[PDB]
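Chains as they are written, first to last, in my numbering: chain A, 1 to 42; chain B, 1 to 42; chain C, 1 to 35; chain D, 1 to 334; chain E, 1 to 38; chain F, 1 to 52; chain G, 1 to 245; chain H, 1 to 30; chain I, 1 to 50.
Since the structure comes first, as structure tokens, the remarks are kept for the end.
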Amino acid sequence: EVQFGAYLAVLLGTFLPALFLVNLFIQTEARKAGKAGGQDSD
Amino acid sequence: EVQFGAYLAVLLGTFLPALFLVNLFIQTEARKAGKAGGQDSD
Amino acid sequence: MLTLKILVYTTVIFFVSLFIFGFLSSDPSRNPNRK
Amino acid sequence: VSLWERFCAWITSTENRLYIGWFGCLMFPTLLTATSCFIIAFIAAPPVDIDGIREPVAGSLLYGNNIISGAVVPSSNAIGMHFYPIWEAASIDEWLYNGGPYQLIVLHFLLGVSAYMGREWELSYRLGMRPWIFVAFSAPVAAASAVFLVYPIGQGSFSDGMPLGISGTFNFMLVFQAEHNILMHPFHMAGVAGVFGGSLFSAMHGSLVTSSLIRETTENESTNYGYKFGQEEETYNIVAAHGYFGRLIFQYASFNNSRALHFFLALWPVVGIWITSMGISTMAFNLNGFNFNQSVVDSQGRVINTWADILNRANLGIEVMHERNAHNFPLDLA
Amino acid sequence: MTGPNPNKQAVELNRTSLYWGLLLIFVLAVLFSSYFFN
Amino acid sequence: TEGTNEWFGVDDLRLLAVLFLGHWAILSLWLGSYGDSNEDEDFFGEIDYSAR
Amino acid sequence: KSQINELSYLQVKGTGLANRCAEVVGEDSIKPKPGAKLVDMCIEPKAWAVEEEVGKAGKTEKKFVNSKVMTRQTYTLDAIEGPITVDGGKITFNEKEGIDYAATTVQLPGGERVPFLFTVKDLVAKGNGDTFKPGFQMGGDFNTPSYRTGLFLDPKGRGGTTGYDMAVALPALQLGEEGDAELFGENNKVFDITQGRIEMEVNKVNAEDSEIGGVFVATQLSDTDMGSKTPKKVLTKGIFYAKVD
Amino acid sequence: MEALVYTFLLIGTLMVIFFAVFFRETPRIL
Amino acid sequence: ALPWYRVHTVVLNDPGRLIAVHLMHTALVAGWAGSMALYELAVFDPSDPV
Ligand code: CLA
Ligand code: CLA
Ligand code: CLA
Ligand code: CLA
Ligand code: CLA
Ligand SMILES: CC(C)=CCC/C(C)=C/CC/C(C)=C/CC/C(C)=C/CC/C(C)=C/CC/C(C)=C/CC/C(C)=C/CC/C(C)=C/CC/C(C)=C/CC1=CC(=O)C(C)=C(C)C1=O
Ligand SMILES: CCCCCCCCCCCCCCCC(=O)OC[C@H](CO[C@@H]1O[C@H](CS(=O)(=O)O)[C@@H](O)[C@H](O)[C@H]1O)OC(=O)CCCCCCCCCCCCCCC
Ligand SMILES: CCCCCCCCCCCCCCCC(=O)OC[C@H](COP(=O)(O)OC[C@@H](O)CO)OC(=O)CCCCCCCCCCCCCCC
Ligand code: OEX
Ligand SMILES: [Fe+2]
Numbered sequence: 001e002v003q004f005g006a007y008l009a010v011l012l013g014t015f016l017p018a019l020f021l022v023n024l025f026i027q028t029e030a031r032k033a034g035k036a037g038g039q040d041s042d
Numbered sequence: 001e002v003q004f005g006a007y008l009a010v011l012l013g014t015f016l017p018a019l020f021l022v023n024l025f026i027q028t029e030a031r032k033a034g035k036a037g038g039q040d041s042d
Numbered sequence: 001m002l003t004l005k006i007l008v009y010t011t012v013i014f015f016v017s018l019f020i021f022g023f024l025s026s027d028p029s030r031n032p033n034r035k
Numbered sequence: 001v002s003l004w005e006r007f008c009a010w011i012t013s014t015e016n017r018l019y020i021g022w023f024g025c026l027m028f029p030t031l032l033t034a035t036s037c038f039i040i041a042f043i044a045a046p047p048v049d050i051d052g053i054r055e056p057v058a059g060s061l062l063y064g065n066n067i068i069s070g071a072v073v074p075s076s077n078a079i080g081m082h083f084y085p086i087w088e089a090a091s092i093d094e095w096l097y098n099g100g101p102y103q104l105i106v107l108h109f110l111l112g113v114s115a116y117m118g119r120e121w122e123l124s125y126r127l128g129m130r131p132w133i134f135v136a137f138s139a140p141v142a143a144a145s146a147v148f149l150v151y152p153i154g155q156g157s158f159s160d161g162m163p164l165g166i167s168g169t170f171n172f173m174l175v176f177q178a179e180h181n182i183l184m185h186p187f188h189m190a191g192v193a194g195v196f197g198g199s200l201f202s203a204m205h206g207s208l209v210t211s212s213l214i215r216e217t218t219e220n221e222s223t224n225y226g227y228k229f230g231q232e233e234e235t236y237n238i239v240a241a242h243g244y245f246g247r248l249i250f251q252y253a254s255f256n257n258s259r260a261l262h263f264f265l266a267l268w269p270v271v272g273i274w275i276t277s278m279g280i281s282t283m284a285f286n287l288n289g290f291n292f293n294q295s296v297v298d299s300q301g302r303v304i305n306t307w308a309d310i311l312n313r314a315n316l317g318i319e320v321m322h323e324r325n326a327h328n329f330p331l332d333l334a
Numbered sequence: 001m002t003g004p005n006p007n008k009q010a011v012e013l014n015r016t017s018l019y020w021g022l023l024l025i026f027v028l029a030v031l032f033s034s035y036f037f038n
Numbered sequence: 001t002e003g004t005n006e007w008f009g010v011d012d013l014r015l016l017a018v019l020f021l022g023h024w025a026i027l028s029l030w031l032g033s034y035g036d037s038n039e040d041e042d043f044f045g046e047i048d049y050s051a052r
Numbered sequence: 001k002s003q004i005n006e007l008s009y010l011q012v013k014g015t016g017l018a019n020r021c022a023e024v025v026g027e028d029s030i031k032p033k034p035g036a037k038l039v040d041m042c043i044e045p046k047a048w049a050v051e052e053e054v055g056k057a058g059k060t061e062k063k064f065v066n067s068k069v070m071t072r073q074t075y076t077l078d079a080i081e082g083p084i085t086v087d088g089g090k091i092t093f094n095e096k097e098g099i100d101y102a103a104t105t106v107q108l109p110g111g112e113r114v115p116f117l118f119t120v121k122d123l124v125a126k127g128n129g130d131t132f133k134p135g136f137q138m139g140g141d142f143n144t145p146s147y148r149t150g151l152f153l154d155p156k157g158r159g160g161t162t163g164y165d166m167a168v169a170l171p172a173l174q175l176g177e178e179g180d181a182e183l184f185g186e187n188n189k190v191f192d193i194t195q196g197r198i199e200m201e202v203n204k205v206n207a208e209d210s211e212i213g214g215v216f217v218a219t220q221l222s223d224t225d226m227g228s229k230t231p232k233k234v235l236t237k238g239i240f241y242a243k244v245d
Numbered sequence: 001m002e003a004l005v006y007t008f009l010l011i012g013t014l015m016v017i018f019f020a021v022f023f024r025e026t027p028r029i030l
Numbered sequence: 001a002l003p004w005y006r007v008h009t010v011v012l013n014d015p016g017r018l019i020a021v022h023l024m025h026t027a028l029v030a031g032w033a034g035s036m037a038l039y040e041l042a043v044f045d046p047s048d049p050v
């Protein structure tokens, strides 16, 4: 018998902070593509 | 008695698609701040 | 229960009197046409 | 200069974020009290004797419900039509047992919606608009006052009023079918035609504008960015969409006038819901829909069944089962 | 409102520091899962 | 006592002094501007733009 | 009283007066005749108490906590008739007809709602002496019927004398040799009769008006919903009033 | 334990209604 | 150009937004203590305090 609140602990302990760190990378590459002025800035 | 896989259905059915739509907005504002060239482009 | 009841008739006829004396306050003249 | 003139200048200012107005003086206190009591009564509220037989029906989330089954239960059959505020209840526990918050929510709702309607008038006066958006909003105000106010009046109790919920809505619709036969009544027929027609002419008008848009964008960006806000140029070829629908059915069935076109979109649903909400009203006083049961007979005189007789046996199933303990006498007079 | 803040800055995260922070979360998820499930 | 036939639901004497001091407390505000004006000044309009 | 009889119907309604028993004035003695028959005995309780496990300083002995009634003004009994038979040692009373039940529901600390049928059905009163006196004190047993008559349908649609007898939306429970015997108790609806003991006490009599009235105390057992739960002992107190004729 | 999820969905829905009304992208001419 | 561990240092030279931030930590602390105590009353059982 395992604790059924541990699935919510682990799978949100993975996904919520890991999806956070993806966002800081995507907006980093968007600012670099934003300044660069070619074909992707818009 | 409820199904304990429904917590994983709902709380990932909320968070995973809703954190997706946040990312498309943050990189949208980063491209607009990327082209604008002032104090935030870098 | 007669202490709450006093509090409601204050709050009702406060806002009802703002409604009644709102339209008596020359309310047709408040238009974007003139004045 | 005076304190009242500096208060009338603020309360009727269109420069506020949300226009308050003089109807907002009794819209906002009413609807915030209908709201703040609804959220508490939907989440945490003890069970309610609705049938007056001291069998309390659970309706809130803390007592084992969900979004679908949870509902603010109507007031008791024991109260009926009597006004039952908090101060005429001798405790809040006696208030919540007998269906207290159904009357507090509904009466502050119908005042706040009839003040939200007059508020739509007021801002149209102060902005220079022609005034009648609030006449189009009369159609859901007619229908909200029909199931929460008029139907409890003619049936003589708020317990026959509509339960503030989702499963409580379908308890309301089915019991209303068995006791009043709404589907055969021609005013539910005139508003099914109002919303089937309303969703037709919505998606029929919204397609012919989107079909005939003018090239202002590239294929990479969005279609919607060819409209700059506040522009004075027309954003679609209206002659194009007139020639399309002028060939899709025939020529003379097409509105070339866009004003008469945009009026017919406001006529058809709103007239369909005025008529429908006076179907619930005339069936609140037990003037039911049509009844064609045992209408077709042979020459011998035996009853030949029709589709209304099959529909009757569905009504007899709900009639003999609604409020299965509340009845003691052979005819549901209430 | 008032004027625009002159303290607006930008946030950066290069591709290197993404993989650190991803691997940091998954290894902490591997380590602490067995105790949480108990 | 709910179904008593009493005016405006005024059960006790104390609730009157609530009603009178509600209408009058805003009436006195209203008379600070629209009161003490000329009650003898007319117009042949549909709507008057006289003063504040 | 006769003061209540002065009023008309429109003056009583909505005022909560018809719920309240009369107030008898003065004290003397009255003798029950051979054919004496009690006429207008009304009983109204003014306080309720349910036996619970109380949280004292360190101990958990059973005590009565009081409770607030939630059914509004529907608790009073009325119009209870019956002949007053004269045994030699002690005057007795046996009730025959009248409204002798009044269903009501009280709420405990914690939010628990305890309904109970308050009744005096089949009452055998016995009191010291013969004549009614301000020191007179009669009481006896009454039979409580069940709170629901057997054709009551529960939310699934199961009753004692009607309805289904199995979990109607759980059709896979009656599979196997055992069937649904795990939930057997919630299918079998048993009509229950318990006992109750009331103790009345006359203290104020009119003999020129032949009407008595005093304080009682009644204990009984609450309901169980036909064996759904353990019923709880309910004590109550109040005042009564009777016309001895 | 079950109703805690339903409450979080309801007040979480009322948050994004609040941000959509007051923090809306204000449309501007020119 | 701030790293992720220096994002909240834009409030160093801004006293007006130093308060709005310190009010938001307060609105989360106070909202915790309210919603924790609502959670505890759904779980508490005053049957036997002994
Ligand atoms: C201002 C808006 C507003 C309005 C219109 C109402 C209206 C109502 N509330 Mg509500 N309420 C409000 C705000 C409001 N509330 C607020 C802000 C709160 C929070 C404190 C509450 C809290 C609250 C509670 C807790 C309860 C109510 C209740 C009620 C109902 C009865 C209250 C009552 O006795 O009214 C008093 C009304 C009058 C004395 C009548 C005033 C009408 C005037 C006199 C105009 C009439 C003109 C006259 C006819 C002219 C005659 C001329 C002559 C020559 C003939 C009623 C539907 C009760 C309820 O619904 O229970 C079911 C209840 O229990 N309210
Ligand atoms: C159903 C609500 C409703 C709405 C939205 C309107 C809307 C309007 N009315 Mg109107 N009116 C109504 C009902 C309504 N009316 C009723 C029922 C009466 C008869 C008593 C009147 C009598 C009336 C006159 C005499 C005048 C208006 C005017 C107006 C316009 C400006 C608002 C104003 O000053 O009126 C003030 C608002 C009212 C008089 C009604 C208030 C309705 C409240 C908000 C809700 C309903 C409560 C109920 C009727 C009151 C019961 C009180 C009782 C329980 C104590 C506007 C188009 C004016 C106008 O522009 O005419 C050209 C005007 O001079 N109305
Ligand atoms: C194909 C099937 C079909 C269709 C299309 C309809 C169509 C309709 N039926 Mg019907 N019906 C059917 C089958 C059908 N019926 C059957 C089979 C039965 C028998 C079970 C019934 C029994 C039945 C009943 C018993 C009733 C209907 C009603 C209606 C009407 C509903 C419109 C309405 O209430 O909106 C009007 C809008 C409102 C009531 C909402 C008002 C909302 C207010 C204005 C504001 C609320 C704001 C909200 C709280 C917050 C906003 C958001 C916030 C975040 C700001 C419509 C004409 C109703 C009717 O006749 O009209 C009253 C009705 O009572 N039907
Ligand atoms: C098979 C397709 C079909 C068709 C043709 C209809 C047709 C109709 N339904 Mg129906 N219905 C259907 C499927 C259909 N339904 C389904 C699948 C359901 C759900 C299970 C329902 C549920 C339903 C309900 C509950 C009700 C109807 C009603 C109606 C009537 C009016 C609806 C209306 O005006 O809509 C709006 C659409 C329009 C106004 C567009 C015009 C439609 C008309 C009929 C066409 C006009 C062409 C004309 C006859 C030809 C001459 C012109 C020529 C000179 C060019 C109409 C007889 C209502 C009724 O009973 O009315 C008597 C009603 O109460 N229907
Ligand atoms: C009173 C508390 C307090 C306050 C107001 C600050 C304030 C600050 N610190 Mg500091 N700090 C504190 C305590 C505090 N610190 C403690 C206790 C430590 C030891 C761990 C540090 C170690 C530290 C370092 C090493 C650095 C700072 C930095 C900073 C500055 C920017 C913060 C930043 O960018 O983080 C942004 C943080 C994030 C975007 C996410 C962090 C995610 C954390 C790790 C997990 C999630 C937090 C969790 C939900 C919190 C639960 C509540 C718990 C505290 C009870 C700012 C002036 C930086 C600095 O010097 O500025 C130049 C810096 O480099 N701090
Ligand atoms: C020779 C032999 C072998 C012998 C056999 C004989 C023989 C040949 C027989 C065959 C004949 C035969 C049957 C042929 C007949 C053909 C025929 C008609 C068959 C179809 C059958 C049939 C039932 C048809 C009737 C149904 C029909 C099409 C009804 C039309 C409904 C109708 C009139 C709707 C109008 C609604 C309306 C007003 C819409 C406008 C409102 C709206 C919002 C539109 C949007 C809109 C409109 C605009 O206007 C513009 C501008 C814009 C912007 C815009 O948004
Ligand atoms: C056996 C009995 C026989 C029947 C007996 C009659 C009984 C009473 C009939 C009532 C007739 C009322 C006439 C109203 C005319 C009018 O509305 O003009 C309004 C405009 C005027 O036309 C516009 O008019 C303009 C010219 S002018 O204004 O008319 O001069 C023109 O510029 C524009 O292009 C043109 O569109 O018309 C339109 O915009 C189109 C809408 C027409 C609405 C009439 C249909 C009836 C309502 C629909 C059915 C109810 C809806 C709900 C159903 C569930
Ligand atoms: C309630 C809300 C919950 C909030 C949670 C959200 C925040 C959660 C995530 C934040 C922390 C992210 C850490 C990012 C990590 C990060 O981006 O690193 C980069 C960061 C600093 O890098 P720089 O200064 O080079 O950054 C340049 C910038 O452009 C980008 O940061 O390094 C650190 O801060 C210290 C190093 C930690 C790096 C991890 C080292 C340990 C390695 C992993 C060990 C595991 C393997 C073990 C094997 C045995
Ligand atoms: O409350 Mn609701 O439902 Ca109108 O019918 Mn009579 O009452 Mn009762 O029964 Mn059927
Ligand atoms: Fe349009």
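Where is the CB? At the ideal position from N, CA and C, for every residue including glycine.
Buried/exposed call for residue i, threshold 16 Cβ in 10 Å
{"i": "F/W24", "result": "exposed"}
{"i": "D/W307", "result": "exposed"}
Within-8 Å CB hit, residue i to chain D
{"i": "G/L153", "result": "yes"}
Residue i at chain B interface by Cβ criterion, 8 Å
{"i": "A/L21", "result": "no"}
{"i": "A/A33", "result": "yes"}
Neighbour flag for residue i against chain G, beta carbons, 8 Å
{"i": "F/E2", "result": "yes"}
Within-8 Å CB hit, residue i to chain C
{"i": "D/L26", "result": "yes"}
{"i": "F/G35", "result": "no"}
{"i": "F/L13", "result": "no"}
Min CB distance residue i to chain A below 8 Å
{"i": "B/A30", "result": "yes"}
{"i": "E/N7", "result": "no"}
{"i": "E/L31", "result": "no"}
CB contact check: residue i to chain F, cutoff 8 Å
{"i": "D/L3", "result": "yes"}
{"i": "D/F290", "result": "no"}
Rounded distance between the beta-carbons of residue j and residue i, thought under 8 Å
{"i": "D/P140", "j": "D/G198", "result": "That pair is no contact at about 12 Å."}
- Using 8 Å as the threshold, is the stretch 2–11 of chain D in touch with the stretch 55–70 of chain D, meaning 3 or more CB pairs across them? no
- Are there three or more Cβ pairs, one per stretch, closer than 8 Å when the stretch 16–23 of chain D is compared with the stretch 76–84 of chain D? no
- Is the stretch 281–291 of chain D in contact with the stretch 177–185 of chain D, if contact means three or more CB pairs nearer than 8 Å? yes
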